[PDB]
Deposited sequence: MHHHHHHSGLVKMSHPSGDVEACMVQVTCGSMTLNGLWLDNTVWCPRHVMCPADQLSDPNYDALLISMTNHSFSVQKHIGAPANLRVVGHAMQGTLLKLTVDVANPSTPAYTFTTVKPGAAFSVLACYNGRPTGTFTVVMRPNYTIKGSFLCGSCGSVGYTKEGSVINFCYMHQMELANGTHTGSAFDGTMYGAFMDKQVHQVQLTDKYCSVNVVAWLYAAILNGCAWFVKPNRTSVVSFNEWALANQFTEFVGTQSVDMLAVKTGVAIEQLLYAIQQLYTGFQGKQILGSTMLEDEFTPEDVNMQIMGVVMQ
């Protein structure tokens, strides 16, 4: 039986119309064009043999407006101002993007899902959805030249930009910047080995998945036994789970299914030790890549 759950992305058209190519010297990557501003990773300024431990403040001083070439592929956009904010550049260009959507900047939290538009040379090439991991990486799909690819969520017609791609870590995961220029997590935009926090199971998303299973008639793991949020969270800290924080979206799943959160918190504690040969929605391990919102939207049609 298929759960009706897929990795679903927002339609990407609004964001495709904002993607540009930025070139500075022998470096080329993607930028995001909104109003009269082009956002891009600051390491576009950096020569290759300096990518490890660059001095970006000196690089910035060395640049003029004419150092930066911005091209749209579907136009040259003339740069008329340049600034550095954290790990991003803010380039001011003479033409406002006539396809600028309604947008905000936001910061995405661990366990939360967002859509990524993967781009190369200013050209959108694919889209996918990821969850921000508890160690502030994402399990994405990015190659050389993908920096400046953007992540976003959507509420209504409004695009909430939350991620600009910067780097691949040694374990194959990825990280980037928020649009205030901070990197997610404790990462720096330098090509040096960095410590990676350990990842954890996102407990709220495992709960959501267990509810999706119940909504598909799969409930063998539901017992009357219960674990308090407080008790579960103490356990979580000792077993590489995030602490659980309920939301209105989780509450809706509890109401529709008639199964209490605390019953599924107990179930997780038991399922963690093992599935004993049974499966849940085709899986023999806990799944934390689907959010309560995904389950409410894709299975129940609920906002």
query	finding
Sequence order list of spans that the model leaves without C-alpha positions, deposited numbering	1-5, 80-82, 312-313
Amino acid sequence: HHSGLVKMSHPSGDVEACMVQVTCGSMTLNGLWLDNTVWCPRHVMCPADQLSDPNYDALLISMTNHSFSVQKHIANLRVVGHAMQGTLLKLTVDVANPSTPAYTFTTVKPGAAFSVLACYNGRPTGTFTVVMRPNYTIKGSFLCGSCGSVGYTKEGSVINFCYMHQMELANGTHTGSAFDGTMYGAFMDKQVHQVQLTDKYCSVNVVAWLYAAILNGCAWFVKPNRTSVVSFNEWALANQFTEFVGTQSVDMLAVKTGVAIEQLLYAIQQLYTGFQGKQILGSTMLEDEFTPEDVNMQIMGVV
From here on, numbers count along this sequence of modelled residues.
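Heads up, when I say rigid core I mean the largest set of C-alphas that superpose within 1.5 Å between the two forms.
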{"query": "RMS CA shift, core-fitted in 8 other deposited structures of this protein, bigger for 115-123 or for 191-199", "finding": "191-199"}
{"query": "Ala75 left out of the model in a third or more of other PDB entries", "finding": "yes"}
{"query": "Stretch with the greater mean C-alpha B-factor as recorded in the entry, comparing 261-269 against 46-54", "finding": "46-54"}
{"query": "Higher-scoring stretch by recorded Cα B factor average, 250-258 or 30-38", "finding": "250-258"}
{"query": "Selection from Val195, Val108, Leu117, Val130 [criterion: highest C-alpha temperature factor in the record]", "finding": "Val195"}
{"query": "Per the PDB entry, maximal CA B factor within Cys147, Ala213, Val79, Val230", "finding": "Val230"}
{"query": "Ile280 - Cα temperature factor, lowest/middle/highest third of chain", "finding": "middle"}
{"query": "Chain-relative CA temperature factor third for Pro224", "finding": "highest"}
{"query": "Among modelled residues of the same chain, the CA temperature factor third for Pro11", "finding": "lowest"}
{"query": "Modelled-residue ranking by C-alpha temperature factor, third containing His165", "finding": "lowest"}
{"query": "Third of the chain's Cα B-factor distribution that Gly86 belongs to, per the entry", "finding": "middle"}
